[PDB]
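**Student:** Can you keep this structure in mind? I'll have questions shortly.
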Amino acid sequence: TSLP
Amino acid sequence: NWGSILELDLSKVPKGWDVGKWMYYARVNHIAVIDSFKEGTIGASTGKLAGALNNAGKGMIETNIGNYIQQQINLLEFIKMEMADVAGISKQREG
Amino acid sequence: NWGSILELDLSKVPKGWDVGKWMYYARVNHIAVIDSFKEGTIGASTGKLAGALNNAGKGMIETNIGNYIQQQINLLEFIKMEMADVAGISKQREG
Amino acid sequence: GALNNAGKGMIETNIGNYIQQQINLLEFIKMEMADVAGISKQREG
Amino acid sequence: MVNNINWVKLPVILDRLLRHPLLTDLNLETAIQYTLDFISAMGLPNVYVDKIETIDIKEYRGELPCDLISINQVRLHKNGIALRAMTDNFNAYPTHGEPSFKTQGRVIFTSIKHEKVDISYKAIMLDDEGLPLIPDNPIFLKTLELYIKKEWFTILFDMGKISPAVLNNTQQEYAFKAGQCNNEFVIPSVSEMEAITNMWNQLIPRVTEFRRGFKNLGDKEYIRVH
Amino acid sequence: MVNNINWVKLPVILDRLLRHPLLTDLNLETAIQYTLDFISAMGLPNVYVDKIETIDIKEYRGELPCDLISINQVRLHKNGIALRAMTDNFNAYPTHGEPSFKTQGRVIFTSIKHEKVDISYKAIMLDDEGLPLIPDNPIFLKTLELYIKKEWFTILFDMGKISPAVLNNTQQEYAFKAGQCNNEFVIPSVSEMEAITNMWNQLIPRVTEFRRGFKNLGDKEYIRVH
Amino acid sequence: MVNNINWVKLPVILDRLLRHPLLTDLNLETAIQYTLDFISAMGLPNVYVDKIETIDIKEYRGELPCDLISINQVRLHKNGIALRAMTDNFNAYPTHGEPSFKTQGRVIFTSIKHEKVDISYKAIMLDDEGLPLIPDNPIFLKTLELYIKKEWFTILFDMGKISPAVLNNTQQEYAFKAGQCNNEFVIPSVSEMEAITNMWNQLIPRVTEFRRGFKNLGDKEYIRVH
Amino acid sequence: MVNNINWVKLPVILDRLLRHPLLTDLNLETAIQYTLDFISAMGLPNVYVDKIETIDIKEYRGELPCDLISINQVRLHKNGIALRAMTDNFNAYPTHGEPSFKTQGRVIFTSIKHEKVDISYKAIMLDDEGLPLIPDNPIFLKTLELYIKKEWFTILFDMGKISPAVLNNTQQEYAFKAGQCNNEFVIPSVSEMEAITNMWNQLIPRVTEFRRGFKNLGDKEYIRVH
Amino acid sequence: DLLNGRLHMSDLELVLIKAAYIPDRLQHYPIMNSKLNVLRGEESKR
């Protein structure tokens with residue numbers, strides 16, 4: 001996942 | 001009162017370039033080559049870090065001291081005018 | 001009445017730099033090198049802390065005292081004018 | 001859906017602003033030559 | 001920095017870490033490495049010891065002290081004039097100006113042949129044992145504790161011996177305390193704000209405090225009354 | 001601060017923590033560490049004891065008191081003129097201005113060779129036992145209670161002996177009370193607002209209260225009537 | 001760069017990697033490759049050794065040193081005038097200006113027939129063994145550690161021997177430390193900001209420091225008082 | 001490009017690929033094809049060898065060298081005047097200006113009947129074996145490694161022998177390193193920025209460097225002082 | 001020399017050139033000449  | 005100050009982040013200066021020579025050619029040509037695919041931008045590009053690191057522009061330490069200076073100058077003009085009036089000596093009557 | 005006041009946060013002054021010398025070179029060059037990848041920004045970059053910490057600009061303690069001063073000056077002009085009129089002595093009749 | 005929308009594109013180049021800048025520079029340089037020569041515009045006509 | 005850097009020995013951090021049952025395999029050997037890593041990653045200049053040490057330049061080269069980490073200034077011994085960074089690409093190479101310097105390892109490359117130069121540098125405060133000595137600031141101590149806990153939990157998470165939620169909490173707490181520790185050591189005290197104020201307000205700007213050792217940077221700028 | 005700092009002994013906090021059945025393994029030994037951590041993390045200057053103590057400078061160096069944590073001012077004993085932060089990188093190093101200072105450990109580095117300097121510093125209020133002494137402000141007490149509860153619950157959560165919801169609630173409550181405690185100790189009282197007001201309104205601005213010990217900072221600025 | 005490049009041998013990184021039980025099959029042979037990859041990917045110019053070495057041009061061609069990686073400058077030996085990049089497409093080809101150069105392999109193509117040219121180039125600092133020598137900066141060390149851990153975990157993830165969450169954490173941490181390491185080595189020190197300042201403020205701009213070896217780039221621009 | 005193109009043989013990439021247990025069926029035969037594909041897809045002009053070679057024009061036609069891939073320029077041998085692209089649709093066809101050219105295969109169609117023309121072209125650097133020779137830049141090497149890994153994983157994913165997550169990671173990593181490799185080989189060095197600067201600032205613009213072999217493109221534009 | 005249109009670079013900085021070209025030398029724009037010519041012309045016509 002990638003949402004930081 | 002000093003001018004505006006720019007907060008410059010050097011995370012995109014290309015590889016193998018000194019900051020001094022980079023900025024020197026930026027002065028001369030008004031164009032600064034940058035590197036969006038530096039290793040330091042990997043997190044933002046791949047989505048592992050906040051995307052604000054490759055965006056958001058450059059910040060400013062701006063202080064509104066000019067408006068203060070204008071206010072003081074206007075107050076000086078007002079006080080000199082009022083002293084002139086109370087003394088009975090107008091500006092047109094000095095010259 | 002004092003000028004505008006800027007709320008400056010020093011969380012991005014680069015490592016090994018004193019605030020005094022950093023600000024001194026910012027004065028001289030109008031450019032302040034910052035470090036977006038300081039350890040203190042790790043939470044915001046990695047998404048563990050609110051992203052407003054790497055954004056939101058710089059705040060201002062601004063008070064609108066200039067408008068108050070202008071109002072008082074205008075009132076003074078009005079009262080002096082009205083005293084002049086009631087006395088029967090116009091501005092053009094003083095000079 | 002952009003294929004039934006999005007308007008029509010433009011190959012626009014802002015060359016007019018460049019031309020205006022050059023014309024203004026020409027006016028400035030002719031004025032400065034006039035001043036240094038001691039011969040004003042009003043003094044040519 | 002508002003508070004003073006009172007030094008205490010490294011196992012003060014192991015007193016506090018070992019309160020956690022999951023950190024009981026930690027050692028002085030591990031604490032040394034992670035403490036040095038934390039010290040560098042924060043990059044706080046108040047944690048280092050300021051030293052001044054003169055050396056000789058044989059020919060555009062000089063031997064550097066053993067404990068040097070970073071240089072504040074280099075100046076000529078006889079004049080006191082400071083040196084700048086060397087931008088020249090052929091410094092002591094001849095073919096067929098003002099002084100400057102460049103340092104890479106144990107060697108400092110100056111533009112001068114034979115002179116004594118004074119180097120004001122930063123080192124690490126050591127113990128009676130040849131070991132790092134840490135500030136006892138409980139903010140610094142808590143942040144270093146959280147750093148080591150975060151690294152240990154990251155390893156244990158790579159194994160699958162810690163929950164992802166536990167690591168996420170540890171990372172959040174370490175991040176906040178890291179920012180707070182950064183602000184603790186950097187925000188000036190009252191005397192440092194008087195110096196900054198005397199640097200900030202000049203009717204006649206002073207722009208040559210590098211030539212001196214920044215001695216007059218915080219000196220007040222007096223204007224005579226006329 | 002509106003309220004007064006009435007001191008009470010440290011186990012007042014253990015009276016209140018141990019009401020919670022999950023905090024019954026807490027001790028005076030643990031309360032001391034977490035209390036010092038809380039004191040530093042909040043950084044409230046009303047919690048420290050103000051002291052003034054003179055020392056001698058042998059040569060650009062002086063011995064510092066034992067209980068010092070932070071310095072309010074340093075001044076010369078004979079003149080009373082305050083010192084500023086030292087920006088010079090070669091202070092007492094010779095080659096071949098106004099006074100300033102710099103403090104790292106037990107040592108204060110001044111720019112003066114042989115003089116007596118007065119240091120106004122902050123320390124911790126101690127007990128008859130050599131232990132910290134805490135304010136009895138129930139806001140301070142509740143915030144310190146919540147701090148210790150939050151740390152204990154964080155450990156127990158790292159084990160998996162507390163629910164994540166319980167820790168989330170504890171963190172929320174501690175955060176709110178921390179902000180409230182910050183505002184309690186910092187917001188000025190009525191007398192402190194009179195001092196701030198007399199600092200704020202000057203027709204002729206006063207910009208040299210660092211030279212004095214900020215003695216005249218809150219003095220009212222009188223203009224004679226003409 | 002604020003800190004100094006103190007060199008240490010390559011297995012310093014294997015001391016730190018092998019703390020992780022999942023990285024115990026790593027070797028000096030693997031560390032060499034991944035260290036060289038990291039060195040190139042970061043492209044930091046402070047990690048290389050600056051060297052100057054003269055060569056002869058036989059006819060528009062010259063032999064290049066063995067350890068060369070990148071060229072700072074090339075200049076003529078007798079004049080000292082620097083060379084620029086060659087834009088000409090038929091340089092030494094005849095049919096029936098200022099000097100320039102072009103380098104591809106072990107060969108440098110100049111526009112001059114028979115002269116000695118001085119090349120200021122960057123190489124890698126080697127060990128007593130013919131091996132790379134790495135900085136001991138714990139930021140650099142931690143970033144190289146995280147690079148190697150990320151590559152190893154990427155392989156193990158391609159197998160399915162690591163969780164996707166573990167790799168995601170490793171990639172996040174490596175990315176942050178990579179940015180931090182980039183900023184550590186690039187942000188100028190105080191002396192480098194004096195050079196940059198003296199480059200920045202010119203009432204009369206200086207635009208010909210390429211002709212020299214950028215010797216006068218950070219020289220201050222003095223205006224006489226009239 | 002900042003760094004130099006030091007050549008190394010093709011199995012340097014197989015040293016690095018075969019570290020991955022899933023890539024052990026790769027061969028020199030496969031590496032050749034995918035290396036040529038990568039070389040073309042990136043289209044970097046620093047990877048090719050610059051050559052100049054004269055040929056004869058029999059009648060509006062000339063034989064082209066064997067190793068030619070792309071032409072930098074064509075010019076007349078006796079005058080040196082460069083040729084442009086041929087826009088004419090009936091070039092040597094009669095019925096009942098300046099010179100130009102057009103190249104399709106092994107044949108170059110010029111507008112001139114019988115002259116010698118000089119062609120400055122780009123080829124591939126070969127090995128002692130008639131094989132491609134790759135740069136040893138670890139950025140280039142890592143990007144080529146990731147290219148081949150991505151293609152192999154794409155096949156294995158078309159079979160269902162790799163997870164979709166593994167291919168997604170490989171594609172992400174290859175994309176980032178492809179962009180980085182593009183920027184590595186294209187961003188000018190210091191000498192190339194001096195040439196670009198001397199091309200950029202002309203008070204009197206120079207607009208006829210195609211006629212020459214772009215020889216004077218980076219020549220500085222001097223204005224005499226009056 | 002300033003009235004005759006010649007600028008000495010050594011009179012307004014430290015020279016860290018002798019070539020008569022602007023990329024290292026400085027133009028002179030004789031803006032002072034008209035001012036003195038006005039006064040000499042009035043001297044002549046007095």
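We name chains A, B, ... following the order of the structure tokens; residues begin at 1 in each chain, and ligands are numbered from 1 as shown.
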Show me which bits of chain B are within 9 Å of chain C, counting only C-alpha atoms, as a PDB file with N, CA, C and O atoms, in the first residue's frame.
**Tutor:**
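Below you can see selection_5.pdb, which holds the result:
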```
ATOM      1  N   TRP B   2      14.702  43.809   6.661  1.00  0.00           N
ATOM      2  CA  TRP B   2      15.452  43.135   5.618  1.00  0.00           C
ATOM      3  C   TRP B   2      14.436  42.674   4.588  1.00  0.00           C
ATOM      4  O   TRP B   2      13.232  42.679   4.846  1.00  0.00           O
ATOM      5  N   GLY B   3      14.906  42.307   3.408  1.00  0.00           N
ATOM      6  CA  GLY B   3      13.974  41.897   2.381  1.00  0.00           C
ATOM      7  C   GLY B   3      13.212  40.636   2.738  1.00  0.00           C
ATOM      8  O   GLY B   3      13.304  40.142   3.864  1.00  0.00           O
ATOM      9  N   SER B   4      12.439  40.115   1.793  1.00  0.00           N
ATOM     10  CA  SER B   4      11.884  38.780   1.940  1.00  0.00           C
ATOM     11  C   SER B   4      13.007  37.755   1.929  1.00  0.00           C
ATOM     12  O   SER B   4      14.030  37.946   1.268  1.00  0.00           O
ATOM     13  N   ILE B   5      12.818  36.666   2.667  1.00  0.00           N
ATOM     14  CA  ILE B   5      13.766  35.557   2.713  1.00  0.00           C
ATOM     15  C   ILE B   5      13.071  34.326   2.150  1.00  0.00           C
ATOM     16  O   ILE B   5      11.947  34.003   2.552  1.00  0.00           O
ATOM     17  N   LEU B   6      13.738  33.644   1.222  1.00  0.00           N
ATOM     18  CA  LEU B   6      13.239  32.418   0.613  1.00  0.00           C
ATOM     19  C   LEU B   6      13.824  31.222   1.348  1.00  0.00           C
ATOM     20  O   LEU B   6      15.026  31.194   1.624  1.00  0.00           O
ATOM     21  N   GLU B   7      12.981  30.242   1.671  1.00  0.00           N
ATOM     22  CA  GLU B   7      13.453  28.974   2.220  1.00  0.00           C
ATOM     23  C   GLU B   7      13.695  28.020   1.059  1.00  0.00           C
ATOM     24  O   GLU B   7      12.748  27.494   0.470  1.00  0.00           O
ATOM     25  N   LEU B   8      14.963  27.786   0.741  1.00  0.00           N
ATOM     26  CA  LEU B   8      15.353  26.975  -0.400  1.00  0.00           C
ATOM     27  C   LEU B   8      15.786  25.602   0.090  1.00  0.00           C
ATOM     28  O   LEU B   8      16.688  25.493   0.924  1.00  0.00           O
ATOM     29  N   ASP B   9      15.146  24.560  -0.433  1.00  0.00           N
ATOM     30  CA  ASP B   9      15.541  23.182  -0.181  1.00  0.00           C
ATOM     31  C   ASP B   9      16.323  22.660  -1.379  1.00  0.00           C
ATOM     32  O   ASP B   9      15.888  22.812  -2.524  1.00  0.00           O
ATOM     33  N   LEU B  10      17.477  22.051  -1.108  1.00  0.00           N
ATOM     34  CA  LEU B  10      18.411  21.629  -2.144  1.00  0.00           C
ATOM     35  C   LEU B  10      18.267  20.160  -2.503  1.00  0.00           C
ATOM     36  O   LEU B  10      19.218  19.556  -3.011  1.00  0.00           O
ATOM     37  N   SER B  11      17.103  19.563  -2.262  1.00  0.00           N
ATOM     38  CA  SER B  11      16.955  18.128  -2.448  1.00  0.00           C
ATOM     39  C   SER B  11      16.955  17.713  -3.909  1.00  0.00           C
ATOM     40  O   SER B  11      17.024  16.513  -4.183  1.00  0.00           O
ATOM     41  N   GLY B  43      10.865   8.149  -1.981  1.00  0.00           N
ATOM     42  CA  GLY B  43       9.679   7.919  -1.172  1.00  0.00           C
ATOM     43  C   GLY B  43       8.467   8.649  -1.703  1.00  0.00           C
ATOM     44  O   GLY B  43       7.379   8.085  -1.801  1.00  0.00           O
ATOM     45  N   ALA B  44       8.637   9.926  -2.040  1.00  0.00           N
ATOM     46  CA  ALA B  44       7.524  10.696  -2.571  1.00  0.00           C
ATOM     47  C   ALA B  44       7.070  10.152  -3.917  1.00  0.00           C
ATOM     48  O   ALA B  44       5.867  10.063  -4.177  1.00  0.00           O
ATOM     49  N   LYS B  48       5.772   6.218  -0.748  1.00  0.00           N
ATOM     50  CA  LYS B  48       6.106   5.824   0.615  1.00  0.00           C
ATOM     51  C   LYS B  48       6.195   7.011   1.562  1.00  0.00           C
ATOM     52  O   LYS B  48       6.143   6.814   2.776  1.00  0.00           O
ATOM     53  N   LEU B  49       6.305   8.233   1.048  1.00  0.00           N
ATOM     54  CA  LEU B  49       6.394   9.430   1.866  1.00  0.00           C
ATOM     55  C   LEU B  49       5.363  10.436   1.383  1.00  0.00           C
ATOM     56  O   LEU B  49       4.801  10.303   0.294  1.00  0.00           O
ATOM     57  N   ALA B  50       5.109  11.445   2.210  1.00  0.00           N
ATOM     58  CA  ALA B  50       4.111  12.445   1.869  1.00  0.00           C
ATOM     59  C   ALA B  50       4.490  13.160   0.579  1.00  0.00           C
ATOM     60  O   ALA B  50       5.627  13.603   0.402  1.00  0.00           O
ATOM     61  N   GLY B  51       3.519  13.284  -0.324  1.00  0.00           N
ATOM     62  CA  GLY B  51       3.769  13.903  -1.611  1.00  0.00           C
ATOM     63  C   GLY B  51       4.093  15.379  -1.545  1.00  0.00           C
ATOM     64  O   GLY B  51       4.513  15.946  -2.557  1.00  0.00           O
ATOM     65  N   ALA B  52       3.906  16.012  -0.385  1.00  0.00           N
ATOM     66  CA  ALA B  52       4.257  17.415  -0.225  1.00  0.00           C
ATOM     67  C   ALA B  52       5.749  17.663  -0.382  1.00  0.00           C
ATOM     68  O   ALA B  52       6.157  18.813  -0.564  1.00  0.00           O
ATOM     69  N   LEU B  53       6.570  16.617  -0.306  1.00  0.00           N
ATOM     70  CA  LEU B  53       8.010  16.775  -0.408  1.00  0.00           C
ATOM     71  C   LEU B  53       8.471  17.033  -1.837  1.00  0.00           C
ATOM     72  O   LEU B  53       9.580  17.540  -2.029  1.00  0.00           O
ATOM     73  N   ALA B  56       4.491  21.819  -3.069  1.00  0.00           N
ATOM     74  CA  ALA B  56       4.220  22.804  -2.023  1.00  0.00           C
ATOM     75  C   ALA B  56       4.994  24.105  -2.221  1.00  0.00           C
ATOM     76  O   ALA B  56       4.840  25.020  -1.401  1.00  0.00           O
ATOM     77  N   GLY B  59       8.911  28.305   0.730  1.00  0.00           N
ATOM     78  CA  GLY B  59       8.360  29.187   1.739  1.00  0.00           C
ATOM     79  C   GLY B  59       9.059  30.531   1.806  1.00  0.00           C
ATOM     80  O   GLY B  59      10.143  30.735   1.266  1.00  0.00           O
ATOM     81  N   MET B  60       8.413  31.462   2.509  1.00  0.00           N
ATOM     82  CA  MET B  60       8.880  32.836   2.657  1.00  0.00           C
ATOM     83  C   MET B  60       8.846  33.246   4.119  1.00  0.00           C
ATOM     84  O   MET B  60       7.796  33.155   4.760  1.00  0.00           O
ATOM     85  N   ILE B  61       9.972  33.737   4.634  1.00  0.00           N
ATOM     86  CA  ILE B  61       9.978  34.493   5.890  1.00  0.00           C
ATOM     87  C   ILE B  61       9.735  35.945   5.491  1.00  0.00           C
ATOM     88  O   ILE B  61      10.663  36.735   5.326  1.00  0.00           O
ATOM     89  N   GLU B  62       8.464  36.293   5.325  1.00  0.00           N
ATOM     90  CA  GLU B  62       8.032  37.655   5.045  1.00  0.00           C
ATOM     91  C   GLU B  62       7.489  38.292   6.309  1.00  0.00           C
ATOM     92  O   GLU B  62       6.672  37.693   7.014  1.00  0.00           O
ATOM     93  N   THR B  63       7.951  39.503   6.587  1.00  0.00           N
ATOM     94  CA  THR B  63       7.396  40.350   7.630  1.00  0.00           C
ATOM     95  C   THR B  63       6.867  41.619   6.982  1.00  0.00           C
ATOM     96  O   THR B  63       7.544  42.221   6.142  1.00  0.00           O
ATOM     97  N   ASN B  64       5.656  42.017   7.361  1.00  0.00           N
ATOM     98  CA  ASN B  64       5.046  43.236   6.838  1.00  0.00           C
ATOM     99  C   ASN B  64       5.542  44.428   7.655  1.00  0.00           C
ATOM    100  O   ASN B  64       4.841  45.000   8.492  1.00  0.00           O
ATOM    101  N   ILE B  65       6.798  44.791   7.400  1.00  0.00           N
ATOM    102  CA  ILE B  65       7.397  45.964   8.024  1.00  0.00           C
ATOM    103  C   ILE B  65       7.217  47.203   7.156  1.00  0.00           C
ATOM    104  O   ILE B  65       7.299  48.328   7.667  1.00  0.00           O
ATOM    105  N   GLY B  66       6.952  47.032   5.862  1.00  0.00           N
ATOM    106  CA  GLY B  66       6.708  48.183   5.012  1.00  0.00           C
ATOM    107  C   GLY B  66       5.452  48.939   5.393  1.00  0.00           C
ATOM    108  O   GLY B  66       5.427  50.169   5.359  1.00  0.00           O
ATOM    109  N   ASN B  67       4.386  48.218   5.743  1.00  0.00           N
ATOM    110  CA  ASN B  67       3.157  48.884   6.165  1.00  0.00           C
ATOM    111  C   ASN B  67       3.366  49.649   7.462  1.00  0.00           C
ATOM    112  O   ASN B  67       2.851  50.760   7.623  1.00  0.00           O
ATOM    113  N   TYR B  68       4.122  49.074   8.397  1.00  0.00           N
ATOM    114  CA  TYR B  68       4.478  49.794   9.613  1.00  0.00           C
ATOM    115  C   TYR B  68       5.258  51.061   9.293  1.00  0.00           C
ATOM    116  O   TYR B  68       4.983  52.128   9.856  1.00  0.00           O
ATOM    117  N   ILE B  69       6.231  50.968   8.384  1.00  0.00           N
ATOM    118  CA  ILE B  69       7.024  52.141   8.020  1.00  0.00           C
ATOM    119  C   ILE B  69       6.145  53.207   7.382  1.00  0.00           C
ATOM    120  O   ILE B  69       6.289  54.402   7.664  1.00  0.00           O
ATOM    121  N   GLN B  71       2.964  53.647   7.908  1.00  0.00           N
ATOM    122  CA  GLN B  71       2.150  54.223   8.972  1.00  0.00           C
ATOM    123  C   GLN B  71       2.935  55.271   9.747  1.00  0.00           C
ATOM    124  O   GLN B  71       2.417  56.348  10.054  1.00  0.00           O
ATOM    125  N   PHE B  78       1.405  63.898   9.466  1.00  0.00           N
ATOM    126  CA  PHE B  78       0.272  64.451  10.199  1.00  0.00           C
ATOM    127  C   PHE B  78       0.728  65.351  11.340  1.00  0.00           C
ATOM    128  O   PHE B  78       0.178  66.440  11.536  1.00  0.00           O
ATOM    129  N   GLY B  88       0.331  78.624  13.458  1.00  0.00           N
ATOM    130  CA  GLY B  88      -0.135  79.663  12.568  1.00  0.00           C
ATOM    131  C   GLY B  88       0.750  79.874  11.369  1.00  0.00           C
ATOM    132  O   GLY B  88       0.700  80.942  10.757  1.00  0.00           O
ATOM    133  N   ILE B  89       1.561  78.880  11.014  1.00  0.00           N
ATOM    134  CA  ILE B  89       2.519  78.986   9.914  1.00  0.00           C
ATOM    135  C   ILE B  89       2.277  77.803   8.980  1.00  0.00           C
ATOM    136  O   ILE B  89       2.786  76.700   9.200  1.00  0.00           O
ATOM    137  N   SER B  90       1.517  78.039   7.915  1.00  0.00           N
ATOM    138  CA  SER B  90       1.161  77.003   6.961  1.00  0.00           C
ATOM    139  C   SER B  90       2.362  76.630   6.097  1.00  0.00           C
ATOM    140  O   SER B  90       3.399  77.296   6.103  1.00  0.00           O
ATOM    141  N   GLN B  92       2.313  76.664   2.765  1.00  0.00           N
ATOM    142  CA  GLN B  92       2.377  77.685   1.729  1.00  0.00           C
ATOM    143  C   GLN B  92       2.995  78.976   2.254  1.00  0.00           C
ATOM    144  O   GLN B  92       3.482  79.788   1.460  1.00  0.00           O
ATOM    145  N   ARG B  93       2.986  79.176   3.571  1.00  0.00           N
ATOM    146  CA  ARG B  93       3.487  80.377   4.222  1.00  0.00           C
ATOM    147  C   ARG B  93       4.948  80.244   4.651  1.00  0.00           C
ATOM    148  O   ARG B  93       5.529  81.222   5.128  1.00  0.00           O
TER     149      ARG B  93
END
```
**Student:** Compute the set of chain H residues within 6 Å of chain G, using only C-alpha atoms, and express it as a compact mmCIF listing (two decimals) with N, CA and C atoms, in the first residue's frame.
**Tutor:**
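iface31.txt written:
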```
# COMPACT_ATOMS: atom_id res chain seq x y z
N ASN H 3 29.46 11.81 -14.97
CA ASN H 3 30.40 10.70 -14.85
C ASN H 3 30.86 10.24 -16.23
N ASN H 4 31.92 9.45 -16.24
CA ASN H 4 32.55 8.97 -17.46
C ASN H 4 32.03 7.58 -17.82
N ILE H 5 31.99 7.30 -19.12
CA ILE H 5 31.46 6.01 -19.61
C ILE H 5 32.65 5.05 -19.67
N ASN H 6 32.89 4.38 -18.55
CA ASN H 6 33.86 3.29 -18.53
C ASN H 6 33.17 2.01 -18.97
N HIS H 77 32.63 17.38 -48.24
CA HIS H 77 34.04 17.24 -47.87
C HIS H 77 34.85 18.47 -48.24
N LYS H 78 34.65 19.03 -49.43
CA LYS H 78 35.52 20.10 -49.89
C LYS H 78 35.19 21.44 -49.26
N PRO H 138 26.85 2.05 -12.08
CA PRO H 138 25.91 1.22 -11.31
C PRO H 138 24.47 1.67 -11.41
N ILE H 139 24.20 2.93 -11.75
CA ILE H 139 22.82 3.33 -12.05
C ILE H 139 22.36 2.68 -13.35
N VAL H 166 4.34 -9.00 -6.71
CA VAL H 166 5.77 -9.04 -7.03
C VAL H 166 6.05 -8.29 -8.33
N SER H 191 31.43 21.46 -17.51
CA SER H 191 31.89 21.92 -18.82
C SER H 191 30.74 22.04 -19.81
N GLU H 192 29.80 21.10 -19.77
CA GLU H 192 28.65 21.18 -20.64
C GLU H 192 27.73 22.34 -20.26
N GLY H 213 29.95 22.37 -37.93
CA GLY H 213 29.54 21.17 -37.23
C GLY H 213 29.12 21.43 -35.81
N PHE H 214 28.37 22.51 -35.57
CA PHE H 214 28.09 23.01 -34.23
C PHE H 214 29.38 23.27 -33.46
N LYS H 215 30.45 23.61 -34.18
CA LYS H 215 31.74 23.81 -33.54
C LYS H 215 31.71 24.97 -32.56
```
**Student:** Please identify which residues in range 6-82 of chain B DSSP calls helix (DSSP H, G or I) from the backbone, and express them as a VMD selection string.
**Tutor:** chain B and resid 19 to 29 39 to 46 51 to 54 65 to 82
**Student:** Using only C-alpha atoms, find each residue in chain G having at least one atom no more than 9 Å away from chain C; report its shortest atom-to-atom pair and that distance in Å (one decimal), rows by chain then rising number, as JSON lines.
**Tutor:**
```
{"residue": "G:2", "atom": "CA", "partner": "C:16", "partner_atom": "CA", "distance": 6.5}
{"residue": "G:3", "atom": "CA", "partner": "C:16", "partner_atom": "CA", "distance": 8.2}
{"residue": "G:172", "atom": "CA", "partner": "C:46", "partner_atom": "CA", "distance": 7.1}
{"residue": "G:173", "atom": "CA", "partner": "C:46", "partner_atom": "CA", "distance": 8.3}
{"residue": "G:176", "atom": "CA", "partner": "C:37", "partner_atom": "CA", "distance": 7.1}
{"residue": "G:177", "atom": "CA", "partner": "C:37", "partner_atom": "CA", "distance": 8.0}
{"residue": "G:178", "atom": "CA", "partner": "C:37", "partner_atom": "CA", "distance": 8.9}
{"residue": "G:179", "atom": "CA", "partner": "C:37", "partner_atom": "CA", "distance": 5.9}
{"residue": "G:180", "atom": "CA", "partner": "C:37", "partner_atom": "CA", "distance": 4.7}
{"residue": "G:181", "atom": "CA", "partner": "C:37", "partner_atom": "CA", "distance": 8.4}
{"residue": "G:182", "atom": "CA", "partner": "C:37", "partner_atom": "CA", "distance": 8.7}
{"residue": "G:183", "atom": "CA", "partner": "C:35", "partner_atom": "CA", "distance": 6.5}
{"residue": "G:184", "atom": "CA", "partner": "C:15", "partner_atom": "CA", "distance": 7.6}
{"residue": "G:187", "atom": "CA", "partner": "C:14", "partner_atom": "CA", "distance": 7.4}
{"residue": "G:188", "atom": "CA", "partner": "C:33", "partner_atom": "CA", "distance": 8.6}
{"residue": "G:189", "atom": "CA", "partner": "C:17", "partner_atom": "CA", "distance": 7.9}
{"residue": "G:190", "atom": "CA", "partner": "C:17", "partner_atom": "CA", "distance": 7.9}
{"residue": "G:193", "atom": "CA", "partner": "C:25", "partner_atom": "CA", "distance": 7.6}
{"residue": "G:194", "atom": "CA", "partner": "C:25", "partner_atom": "CA", "distance": 8.3}
{"residue": "G:196", "atom": "CA", "partner": "C:29", "partner_atom": "CA", "distance": 8.9}
{"residue": "G:197", "atom": "CA", "partner": "C:29", "partner_atom": "CA", "distance": 6.3}
{"residue": "G:200", "atom": "CA", "partner": "C:29", "partner_atom": "CA", "distance": 6.9}
{"residue": "G:201", "atom": "CA", "partner": "C:29", "partner_atom": "CA", "distance": 7.2}
```
**Student:** With 12 Å as the limit and counting only C-alpha atoms, what residues in chain H lie close to chain A? Please list them as a PDB file with C-alpha atoms, in the first residue's frame.
**Tutor:**
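That gives us result-v4.pdb:
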```pdb
ATOM      1  CA  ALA H 165       2.246  -7.907  -6.125  1.00  0.00           C
ATOM      2  CA  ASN H 168       3.836  -4.553  -9.374  1.00  0.00           C
ATOM      3  CA  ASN H 169       6.847  -3.947  -7.122  1.00  0.00           C
ATOM      4  CA  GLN H 172       7.535   0.398  -9.702  1.00  0.00           C
TER       5      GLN H 172
END
```
**Student:** Please determine, counting only C-alpha atoms, which residue among I:9, I:38, I:14, I:19 has the shortest atom-to-atom distance to chain G.
**Tutor:** I:14
**Student:** Please identify all residues of chain I having at least one atom at most 10 Å from any atom of chain D, considering only C-alpha atoms, and return them as a PyMOL selection string.
**Tutor:** chain I and resi 29-35+37-38
